[PDB]
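Residue numbers (the deposited numbering), protein chains in the order written: chain A, 141 to 210; chain B, 725 to 772; chain C, 1256 to 1400; chain D, 250 to 316, 585 to 597; chain E, 966 to 1014; chain F, 211 to 279; chain G, 71 to 140; chain H, 119 to 236. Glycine is no exception: its CB is placed at the ideal position from the N, C-alpha and C atoms.
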Amino acid sequence: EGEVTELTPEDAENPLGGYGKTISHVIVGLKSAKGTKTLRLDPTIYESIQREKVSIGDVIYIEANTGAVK
Amino acid sequence: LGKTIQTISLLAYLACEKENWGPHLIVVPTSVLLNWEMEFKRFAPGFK
Amino acid sequence: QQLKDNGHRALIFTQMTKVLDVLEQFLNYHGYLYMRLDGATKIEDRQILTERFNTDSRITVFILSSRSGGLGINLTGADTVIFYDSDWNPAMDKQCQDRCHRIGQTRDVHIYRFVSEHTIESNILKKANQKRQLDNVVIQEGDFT
Amino acid sequence: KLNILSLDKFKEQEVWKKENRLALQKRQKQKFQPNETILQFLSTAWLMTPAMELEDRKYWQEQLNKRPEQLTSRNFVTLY
Amino acid sequence: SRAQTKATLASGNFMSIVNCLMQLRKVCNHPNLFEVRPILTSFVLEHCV
Amino acid sequence: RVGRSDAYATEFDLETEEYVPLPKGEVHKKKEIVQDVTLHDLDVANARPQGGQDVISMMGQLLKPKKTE
Amino acid sequence: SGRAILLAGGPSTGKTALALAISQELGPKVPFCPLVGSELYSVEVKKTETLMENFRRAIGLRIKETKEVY
Amino acid sequence: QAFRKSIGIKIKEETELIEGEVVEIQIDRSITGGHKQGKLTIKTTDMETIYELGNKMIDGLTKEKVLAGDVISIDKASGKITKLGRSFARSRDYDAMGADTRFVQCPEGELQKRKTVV
Ligand SMILES: Nc1ncnc2c1ncn2[C@@H]1O[C@H](COP(=O)(O)OP(=O)(O)O)[C@@H](O)[C@H]1O
Ligand SMILES: [Mg+2]
Ligand SMILES: [Mg+2]
């Protein structure tokens, strides 16, 4: 649980090719009093982030096993 | 009982002794027709 | 169901095409592995499906139109025959039953006939049976009119 | 001889089965929308080796500096 | 039960009896052949009181 | 909805569709039935809504649920 | 209409048996409605309403209707 | 109401059930568009098969959030997807690290088998 800082998808090679742009993780950075970490997350988070419409500088709640975000 | 193989054998007897492979005719229901062709192949594949 | 439990391969012969379609619907509803050959099956399709039914034991039931099945399709791969209906032509019935029963048969042959209790079919079967018994006693030459 | 060969071929012919309905599939498959952008979600079992694990650990260490498993499941998202 | 059926039987027209038999067999084989099972629904009144 | 037409059976490999064959005969059919009713059935019919697939029918029949004099 | 009779006798004497025999003999076409008086003591509507409903429920109507099907 | 609570009716039905380990799942959905395309690969110990997914099947599988390291059953009639267990780990992403330790064995037999429900 953090305010949001970095938000950067990491490109990866496509197993099926097709010249498309693929991501294998979405990267999020989080700041907390006396704390900061950067996380690599299941790409499925993209859909959660879309639904939640997180922007940089928002404080967010994200569940370690569920992949849910608020 | 093998009517059809007996027909083959009769024709083949006409073939060996009588040499008469002349254009014989057989009229038959539609369904068995292909089975007849198969058995001609099986019992005596020399028949056109 | 019982026959499948025993692993038998059963034929059903019927005079009516519409009941053939009904059987299609029934067998699909239960999902039995079945094939159909009738007066409308394409000739090549007839050959290939009979070859499949002889070779491919997996097809539990093969549905044929009774008078077209009479025409001499070799069904010695099957072991069970069921007459869904009758036209009361004894020669046709024997032809159908003989279909399964030719050289190369290796399983004991079971035939079952469906009869509707106390209906017209019941009376017809009763009288036919009685007459047949009488004949068999009197005459054994195996000929009829 | 020729007809024995023909018989042998006829044995194989038993494989033949009508499949014209495949065309009814193929016509429908084209009805995906023409040249729109596509979002794909993929999830697939990926084989792993200790060398690949070491390479991944090195990549994670490099990412931090900038700041033997048999089967594993990978996810992917693509826009094209 | 249908009186016309009885009359037909009385006629003795071998064809007519054969047809009757065919209809009987159809009825026995599956009712859908003779009359599709009507899909039951409520009676509709023309207008409320 | 009686189901999906048989003509689209091969449209997919794996879907929750149930396929039904194309109905036989003409599109429009007309038959004469006989149905037995009672006076109470007519009274109930004329008193409260009893069927329908519209939300209006749902609201009309869930209102005033108990029997009336 | 409105005719009423009383089957008077001791217990285990054949009153319900006679009623069910009448129902069977008349046939399934006609409406025969057996009741106990305890059923009339409803809680939602008055006893009169239940009695009148049972009265008109015992009178049958047979109609002919044409069904239009698409 | 009390008396009628005391009479029980049992209706037996036969259902066709698909049961598998997921090899991979693919879902191509158009942005700002309602068309979605997908196909599923599902394996058993003795056979493997691919299936191309309809709209309702895609919607159900998306709702269930099926992932390739799942073992799952597909009901062709009802359409519900139940996640029976896990086949292997989640490639060690940096979340949900060790919540899938309870591995389950691959199913065995015909991929589409008939079962009875009472
Ligand atoms: N005359 C009879 N013949 C055959 N069975 C009878 C006869 N009378 C009574 N019974 C049987 O015994 C039961 C008692 O009869 P019932 O009609 O309940 O008596 P009541 O209604 O007068 O109390 C009936 O349900 C029936 O099964
Ligand atoms: Mg012959
Ligand atoms: Mg009593």
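Next item on the list: Mind checking which residues open and close the alpha helix (DSSP H) that includes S195/A?
Entry: That residue, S195/A, is in no alpha helix (DSSP H); it is neither H nor E in DSSP.
Next item on the list: Return yes when at least one heavy atom of ligand 3 lies under 8 Å from the C-beta of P81/G, else no.
Entry: For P81/G, the CB falls within less than 8 Å of some heavy atom of ligand 3.
Check: If we cut at 9 Å on Cβ distances, does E1376/C have a partner in chain B?
Finding: Closer than 9 Å: no.
Margin query: Following a CB-centred definition, is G1327/C positioned closer than 8 Å to any heavy atom of ligand 2?
Written below: yes
Check: Thinking C-beta only, is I160/H closer than 9 Å to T167/H?
Finding: Yes, they are a contact pair.
Margin query: Cβ closer than 8 Å: which chain B residues qualify as neighbours of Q1388/C?
Written below: Under the 8 Å cutoff, chain B gives no residues; its nearest Cβ is about 28 Å from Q1388/C.
Notebook entry, point to check: Is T86/G near ligand 3, with its Cβ less than 8 Å from a heavy atom?
Noted result: yes
Check: Any heavy atom of ligand 2 closer than 8 Å to the CB of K727/B?
Finding: The answer is yes for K727/B.
Checklist line | Burial state of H1285/C, where buried means 16 or more other Cβ atoms lie within 10 Å | finding: exposed
Checklist line | Validate contact between the segment 261–279 of chain D and the segment 139–146 of chain H using beta carbons, cut 8 Å, 3 pairs | finding: no
Next item on the list: State whether the segment 1382–1399 of chain C contacts the segment 987–1004 of chain E, with contact taken as three or more CB pairs (one from each stretch) at a distance under 8 Å.
Entry: no
Checklist line | Listed by chain order, chain D residues near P769/B by CB distance under 7 Å | finding: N252, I253, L256
Notebook entry, point to check: If you drop the 5 nearest sequence neighbours on each side, which residues of the same chain put their C-beta closer than 8 Å to that of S191/H?
Noted result: Closer than 8 Å at Cβ, skipping near neighbours: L135, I136, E137, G138, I199, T200, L202.
Item checked: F1268/C versus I729/B - alpha carbon distance -> 27 Å
Next item on the list: Count the other C-beta atoms from every protein chain shown that fall within 10 angstroms of the C-beta of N1261/C, then say buried if there are 16 or more, exposed otherwise.
Entry: Exposed.
Margin query: For the pair the segment 588–595 of chain D and the segment 286–300 of chain D, tell me if three or more CB-CB distances fall below 8 Å.
Written below: Because the criterion of three Cβ pairs below 8 Å is met, the segment 588–595 of chain D and the segment 286–300 of chain D touch.
Next item on the list: Taking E263/D as the query, report the chain C residues whose CB atoms sit under 7 Å from its CB, ordered along the chain.
Entry: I1303, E1306, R1307, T1310
Next item on the list: Using a Cβ cut-off of 9 Å (strictly closer), state whether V247/F contacts chain G.
Entry: By the rule that beta-carbons nearer than 9 Å mark a contact, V247/F touches chain G.
Next item on the list: Could you tell me whether any Cβ in chain C is nearer than 9 Å to the Cβ of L725/B?
Entry: By this cut-off, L725/B is an interface position.
Margin query: Please list, in chain order, the chain B residues whose beta carbon lies closer than 8 Å to that of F259/D.
Written below: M762, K765
Note to self: If the criterion is Cβ atoms closer than 9 Å, does the pair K181/H and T226/F meet it?
What the structure shows: With respect to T226/F, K181/H sits apart: the two C-beta atoms are not nearer than 9 Å.
Note to self: Short of 8 Å in beta carbon distance, which residues of its chain neighbour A208/A, apart from the five on each side in sequence? Order them along the chain.
What the structure shows: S188, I202
Margin query: Using only CA atoms, which one of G1359/C, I1328/C, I1366/C, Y1339/C lies nearest to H1263/C?
Written below: Taking each of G1359/C, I1328/C, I1366/C, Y1339/C in turn and checking the Cα distance to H1263/C, the smallest one comes out for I1366/C.
Notebook entry, point to check: Comparing alpha-carbon positions, which option in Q1257/C, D1300/C, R1307/C, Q1280/C lies nearest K260/D?
Noted result: Across the set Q1257/C, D1300/C, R1307/C, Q1280/C, the C-alpha of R1307/C shows the shortest separation from the C-alpha of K260/D.
Next item on the list: State buried or exposed for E123/G, treating a residue as buried only when at least 16 other CB atoms are found within 10 Å of its CB.
Entry: buried
Note to self: Give me the DSSP bridge partner(s) of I160/H.
What the structure shows: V140/H, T167/H
Margin query: I'd like to know whether the C-beta atoms of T1296/C and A1265/C end up nearer to each other than 9 Å.
Written below: no
Margin query: Short of 7 Å Cβ to Cβ, which residues in the segment 212–224 of chain H face chain A?
Written below: The segment 212–224 of chain H vs chain A, Cβ under 7 Å: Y212, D213, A214, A217.
Check: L96/G to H1356/C, Cα distance in whole Å?
Finding: The straight-line gap from Cα to Cα measures roughly 56 Å.
Notebook entry, point to check: Using the beta-carbon of each residue, which ones in chain E are nearer than 7 Å to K1273/C?
Noted result: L998
Check: For the segment 1315–1346 of chain C, which residues have a beta carbon sitting closer than 9 Å to at least one beta carbon of chain B?
Finding: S1323, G1324, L1326, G1327, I1328, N1329
Notebook entry, point to check: How far does the beta strand (DSSP E) with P149/A in it reach, from first residue to last?
Noted result: 142–152
Checklist line | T973/E, DSSP secondary structure in three states | finding: helix
Notebook entry, point to check: Going straight from the alpha carbon of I1328/C to that of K258/D, what length do you get?
Noted result: 21 Å
Check: Who are the neighbours of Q587/D on chain H, taking C-beta pairs under 8 Å?
Finding: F206
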